[PDB]
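Q: here is the input, now give the coordinates:
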Amino acid sequence: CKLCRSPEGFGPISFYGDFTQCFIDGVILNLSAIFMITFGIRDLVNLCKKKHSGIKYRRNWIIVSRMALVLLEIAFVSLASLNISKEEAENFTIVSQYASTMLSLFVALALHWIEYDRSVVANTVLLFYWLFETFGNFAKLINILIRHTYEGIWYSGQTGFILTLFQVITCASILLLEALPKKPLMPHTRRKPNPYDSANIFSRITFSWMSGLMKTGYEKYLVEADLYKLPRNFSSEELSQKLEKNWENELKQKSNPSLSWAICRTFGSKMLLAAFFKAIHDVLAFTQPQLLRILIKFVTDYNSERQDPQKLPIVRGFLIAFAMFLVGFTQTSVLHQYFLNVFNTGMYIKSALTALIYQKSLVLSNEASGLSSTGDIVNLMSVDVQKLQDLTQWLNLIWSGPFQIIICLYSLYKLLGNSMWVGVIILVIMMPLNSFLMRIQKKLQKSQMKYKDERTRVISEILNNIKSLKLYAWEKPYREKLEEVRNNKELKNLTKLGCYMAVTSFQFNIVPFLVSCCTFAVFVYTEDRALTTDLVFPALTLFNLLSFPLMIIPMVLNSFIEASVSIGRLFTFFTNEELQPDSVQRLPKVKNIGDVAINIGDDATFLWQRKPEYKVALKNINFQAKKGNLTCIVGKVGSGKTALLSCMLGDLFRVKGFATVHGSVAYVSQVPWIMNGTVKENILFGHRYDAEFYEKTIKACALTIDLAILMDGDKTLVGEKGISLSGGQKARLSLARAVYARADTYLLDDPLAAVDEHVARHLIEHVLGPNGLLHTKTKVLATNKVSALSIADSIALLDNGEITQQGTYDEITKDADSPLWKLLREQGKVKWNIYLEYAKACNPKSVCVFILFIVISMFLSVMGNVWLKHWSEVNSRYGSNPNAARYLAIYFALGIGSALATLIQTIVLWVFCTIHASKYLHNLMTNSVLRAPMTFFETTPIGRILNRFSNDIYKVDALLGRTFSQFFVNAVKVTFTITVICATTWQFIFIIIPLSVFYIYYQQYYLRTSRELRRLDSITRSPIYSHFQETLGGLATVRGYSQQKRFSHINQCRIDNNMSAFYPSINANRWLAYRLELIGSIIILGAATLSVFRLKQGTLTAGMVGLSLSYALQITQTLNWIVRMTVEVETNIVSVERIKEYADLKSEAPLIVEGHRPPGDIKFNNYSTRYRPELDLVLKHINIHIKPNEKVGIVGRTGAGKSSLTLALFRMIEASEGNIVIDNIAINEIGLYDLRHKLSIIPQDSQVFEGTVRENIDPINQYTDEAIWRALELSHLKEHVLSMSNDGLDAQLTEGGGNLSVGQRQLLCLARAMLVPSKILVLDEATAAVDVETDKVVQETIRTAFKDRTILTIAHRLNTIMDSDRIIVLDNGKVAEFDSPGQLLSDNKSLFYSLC
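A: Residues are numbered from 1 along each chain as shown. Sure, the structure comes next:
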């Protein structure tokens, strides 16, 4: 049985708030000494063993100071034992812990020295030993001093006090000299080693190893070279080898394999450690409310004893406050080690499963690779593995969720009686309601994005057709249609989405209040005891803690089942059947040219797909290929021509006979494959560079011409999906790679079919034939082109998957068979101007009303808690609940006031602030874009333009307002939390100001560096999936060249780069979270200790501390919320920046001017213009005069300004000098709409819009049905619309479809031209995209409809203008040409004459 010799019991906590002497001696210091014995001896043995040379550090002042301070510790502890040898030395705890401490100090003395020369990391055991010695000696000092001040005696005598003080100082000193110093290395472009490897245990706990990266990312934009290389054991190769080594046991040792247990057996140790840390976190998180109760109960007891033996000591209050600090600090320290371990396991599963998926893909049989799509497999890597990575984050909540709920319910039951259950019932009831509301939120988000995509497609129509749209002056009708869709569908849906977010926010405000209100009501009306202030506020904290597990458990279960589905998919993948690696036994080279066989088969059989096929395989092949000779395979499509090459390559399952291929082999597929990259990289294909042979290959292959043609030579980028090249040069490039590889055996699967016959005759001479450079290498070629047969040394012909005839060219010629007949940066400041621009859009009065209702909601919530404080103090003054009805009514009134204020908050946000701003910005951007000059639409791609209408406007609509709302909610909540704490203890100002400085410091560092790191992570994430898809495309050639090792290594490098960017990404979240939770725990310490000082001053009530700490406990969550929301606001507000940079675009000339037109000659006056303001004068000093009915043909060189004439006449480009006159009025001042809508055109780029024929003919609806039908009838596609549908004029054209082919599309444009008053008409050909039928119809329609009005024709086909009575040739932009086409053709050897 337990026994002791001190009046204070052996129990942990004494009458005062500190640990009792016999617990500090008997448990804390004894156990820390024994910890050092055990684990320090273990570490001492390991470090003495492991190394003795090379890495050793310099014996600087650091080590000597450490050793000296340890010696001082031995001095003071021996002196302690001396000072206790007679003062009741019978106390086993004291004497035994002195003995243990002395032995442990000897062990530490040894361990310091043996560490210093060996380890880079300050030893973990030594650091924890000094932490526990410092804490134990400090607790002993506190004990001795408390008993001095309260009982007048020193347990260890006054000498013992000073001696323990010295022990405390020396332990803290050596603790710091162990933790801080870096142990200088004793001196003798890739990324630097990860700091995590060097971080000692305290640095690892506090994530102070991230601080360097956070500072660097705060001061400069991070390029991937700023990241540190990945930690010690994070390599994808190592992790995939581990997982494979276990998965092999699953496959071969178990009766039935399980990939889930492979993953568990591999990575479960980290998850067990994380589970331990999570359990400690749960325990501490629910001790914190118990310390809150203890403090409130202490305050009430103290005040009740000071109002009118062993009166309660204030040091108990101070020690309760400091225990709350320690609880918070240990919560954060263990919580973030839990997050570290689970996220590390997630990254392990990611980088392990990704590399295993790649490696398995390399080994997949073509059977499985056909059985599953490339997209499915790349999604297996991209998404299914993602579910398993995400699963780690939630896995421990499978038990920690219930564990928090179980102990939270126990705590609430013990605190609040059975009335707990009404609050628990409310939470449980609101969980399904939360799911229902979130399902509606998802539905409306889906509908809103559907509307967004619809309106984005309308925008795409407008943008891609902007040329014709501006020319026809159709800007107004299409912009009004866009506005109609916007305002009537997208914003209409957005108002409803806002209303339901308002409902959701009302719920999230009221339910946390409502649980406590209802449980206090049931308590008051069912419990015969006072609803005291030590019940109300701990109950609030406990319900707050209960909310999270209950509301997150559904998400955890969802993730668990979804990851189970993903595991199923991965397991099916890994078990797919493989290549039968011994199908073709590869063998080394053979020297003697010409004679020896290289490829062999002896009546062998090769199946395509095993389980269905037998006696239908490619079979009975007896085959020979021999060094240096070219042997050609012939066969009909599907005959097995490709199959035989696949066999000798090794892609097919054989069951009879044997096959072999000697030496290395190179392979060219019938369909060429080009990995994205430079043409040089595609040719070299991982082989070392030899310039002479590289150029020799480019010359022997006809690739030289293409290599000269392409815009950047061999550095020309084969872009995503290989769009940069066409089929012929693609096949040529594949052959170039094959040649460069200089393999010993060549398997040319029909390269020549994709090549012009002349280029094939070049290739066969330079490469394939004996005259080629490959004459010394074995070549098998599979083509039916007769030239290969003519050059081939020996021939085989196969059909039905069977070899039919084989022999040398001589025998196959003599046989007269069918083959014989054929063959014979620093970071910038925050862009506050954009924030103010968004506020201006939101109607600053409206945004101020929003902030006002934030203030009112938080104010009424705070006054709800203040009324709860008053009510609980009233019940504490009484022995019962005096006016339950009144107090509950007022508390309910204040809580509901807060909830309704939040409802009005969100209604204002959406209906007045966010939706108004979204409409303003969209109208401004679209209006400015459409009135932008062509400079804009030509200098910026339609993709980038459409991106602002698609994504940036969407973010402003649906994310930015929500994020500002959350930011201001949490900022106001923190402001009111600080206000409450300061009102309770005004001296808290001096604590919150320094902590404010630290908070802003960390928040800024995180805001910058986290955006940088997430950017790098997302950038480096995609190359993994794109590379995997590329390899899946090239899977056959990757095996063919037999450089699976190189491709797998490239994949592992992609994975390692992604992790190199990701590991900082989330360790920055750990860094921030640790800082913010440390700040929160220091805030709790400040509030608690200042409240206890106010108690010492005799002016604190229990309710004041209850309220102050109810808020101080929650402040740490709002701090993280504020930081996260600043991050998200900064990421979204660039949307408003990107929108504004278009909304202020330089607009073209004024649309309408006072020179309004009253309603056909054209005259130029020294006119000149540029195709761009920055380019030179492409059109110079024209003065042509054109008579009212005159037909004018325009001709010129390919670089002449003839094309710019139509742009000039429509004033789509302004006059550099001079002007243009129409009907004796200068158009240069007439206004763009008034000008353009009065001229006909058939634009060179015929363009169509979605909608009725009406919308593509008369979108303004300004012309009559009879006239529209007349135009369609004249343009000879009345018939086409009637064939399309019975809707006739309402028949619908679609963008991206093919309702109207180009010719009838030009007739549609001609109809558009016919409707408008054609006093002037302009037309141009689709450049070299016309036919004689389209011509004749065009000219006959023009003669019919426009001959009586001016016509200007720019078409380059001269037949279109031979009949004109006037012609013009643009001599490089100087008009200088004469009247008639016939006169020009006859009177001189004109350019016109030369062209004709």
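Q: buried ones in stretch 983-1000?
A: 984-985, 988, 991-992, 995, 999 (16 or more other CB atoms under 10 Å). Quick note: C-beta positions are derived from backbone N, CA and C, even for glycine.
Q: typo on my end, stretch 1290-1301
A: Quick answer for stretch 1290-1301 (16+ other CB under 10 Å): 1291, 1293, 1295, 1299-1300.
Q: coming back round to it: want to throw the buried residues of stretch 983-1000 into a markdown table with distance to residue 791 and secondary structure?
A: Shown next, in a markdown table, are the buried residues of stretch 983-1000 (distance: CB to CB, whole Å; DSSP: H, G, I helix; E, B strand; the rest coil):
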| residue | distance to residue 791 | secondary structure |
| --- | --- | --- |
| 984 | 98 | helix |
| 985 | 98 | coil |
| 988 | 93 | helix |
| 991 | 90 | helix |
| 992 | 88 | helix |
| 995 | 84 | helix |
| 999 | 79 | helix |
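Q: where does residue 594 fall, secondary structure wise?
A: For residue 594, there is no host helix or strand (DSSP states H and E).
Q: quick check, it in contact with residue 629.
A: Yes. With contact defined as CB atoms under 8 Å, residue 594 reaches residue 629; the gap is 6.6 Å.
Q: for the stretch 1201-1350 of the chain, which segments count as helices?
A: 1202-1209, 1232-1236, 1253-1257, 1265-1274, 1278-1284, 1302-1315, 1332-1345 (DSSP state H, counting those that start in this stretch).
Q: next one: the stretch 1051-1200 of the chain
A: 1102-1143.
Q: quick one: the strands in it?
A: Per DSSP state E, counting those that start in this stretch, the stretch 1051-1200 of the chain carries strands over the ranges 1162-1169, 1179-1182, 1185-1186, 1191-1196.
Q: contacts only, for residue 1043.
A: Listed by CB atoms under 8 Å, 6 or more residues apart in numbering, the contact set of residue 1043 reads 685-686.
Q: distance of it from residue 1125?
A: 49 Å (CB to CB, to the nearest Å).
Q: switch the strands of the stretch 1051-1200 of the chain over to TSV; also include distance to residue 514 and mean neighbour count.
A: Putting these into TSV (distance: least, CB to CB, whole Å; neighbours: other CB atoms under 10 Å) gives the following:
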stretch	distance to residue 514	mean neighbour count
strand 1162-1169	72	20
strand 1179-1182	75	22
strand 1185-1186	82	16
strand 1191-1196	79	23
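Q: of the ones you listed, which is nearest residue 183?
A: strand 1162-1169 (73.6 Å; CB to CB).
Q: thinking again about what came up before, would you turn the buried residues of stretch 983-1000 into JSON lines with distance to residue 44?
A: Shown next, in JSON lines, are the buried residues of stretch 983-1000 (distance: CB to CB, whole Å):
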{"residue": "984", "distance to residue 44": "51"}
{"residue": "985", "distance to residue 44": "49"}
{"residue": "988", "distance to residue 44": "47"}
{"residue": "991", "distance to residue 44": "43"}
{"residue": "992", "distance to residue 44": "46"}
{"residue": "995", "distance to residue 44": "41"}
{"residue": "999", "distance to residue 44": "42"}
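Q: nearest to residue 656 among the residues you listed?
A: residue 999 (76.4 Å).
Q: that closest one contacts residue 1076, correct?
A: Yes. With contact defined as CB under 8 Å, residue 999 reaches residue 1076; the gap is 7.3 Å.
Q: got any residues that touch both of those two?
A: Counting by CB under 8 Å, 6+ apart, the shared contacts of residue 999 and residue 1076 are residue 1119.
Q: from residue 259, how far out is residue 569?
A: Taking CB to CB, one finds residue 569 at 10 Å from residue 259.
Q: now swap in residue 281 and tell me
A: Distance, residue 281 to residue 259, using CB to CB: 30 Å.
Q: re earlier: quick one, which of residue 594 and residue 629 is more surrounded?
A: Each of residue 594 and residue 629 has its neighbours counted (other CB atoms under 10 Å); residue 629 has more, 21 against 11.
Q: can you count the residues close to residue 138?
A: Residue 138, neighbours per other CB under 10 Å, totals 17.
Q: oh sorry, the question was meant for residue 944
A: Neighbours around residue 944, by other CB under 10 Å: 10.
Q: before we move on, which element is it in?
A: helix 942-947.
Q: tell me the helix or strand right after that helix.
A: Trace forward from helix 942-947 with DSSP H and E and the next one is helix 953-955.
Q: that older thread, nearest to residue 1114, of the buried residues of stretch 1290-1301?
A: Using CB to CB, the buried residues of stretch 1290-1301 come closest to residue 1114 at residue 1295, 53.5 Å.
Q: was I right about residue 30 contacting residue 94?
A: No. The criterion here is CB under 8 Å, and residue 30 misses it with residue 94 at 10.0 Å.
Q: more crowded one of these two?
A: In this view residue 30 and residue 94 are compared by other CB under 10 Å, and residue 94 has more residues nearby, 26 against 22.
Q: which strand or helix spans the more buried one?
A: Remark: residue 94 resides in helix 92-118, with elements defined by DSSP H and E.
Q: who's in contact with stretch 302-310?
A: 15, 311-312, 314, 317, 1095, 1098, 1100-1102.
Q: what are the boundaries of the helices in the stretch 201-350 of the chain?
A: Going by DSSP H, counting those that start in this stretch, the stretch 201-350 of the chain shows helices at 201-206, 211-219, 236-252, 259-306, 314-363.
Q: so of those, which one's packed in deepest?
A: Stretch with highest mean neighbour count among the helices of the stretch 201-350 of the chain: helix 314-363 (a mean of 22; mean count of other CB atoms under 10 Å).
Q: buried sites along whichever helix or strand comes after it?
A: Next along the chain after helix 314-363, taking DSSP H and E as the criterion, comes helix 366-371. For helix 366-371, a neighbour-count test (16+ other CB under 10 Å) marks 366-369 as buried.
Q: for residue 1203, which non-adjacent residue is closest in space?
A: residue 1354 (6.8 Å; CB to CB, 6 or more residues apart in numbering).
Q: now swap in residue 298 and tell me
A: Nearest to residue 298 is residue 317, by CB to CB, 6+ apart, at 5.5 Å.
Q: for the stretch 701-850 of the chain, just list every one of the strands.
A: 717-718, 745-748, 778-782, 794-799, 802-808.
Q: need these in CSV with mean neighbour count and distance to residue 168, can you?
A: Shown next, in CSV, are the strands of the stretch 701-850 of the chain (neighbours: other CB atoms under 10 Å; distance: least, CB to CB, whole Å):
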stretch, mean neighbour count, distance to residue 168
strand 717-718, 16, 67
strand 745-748, 25, 79
strand 778-782, 26, 83
strand 794-799, 22, 91
strand 802-808, 16, 92
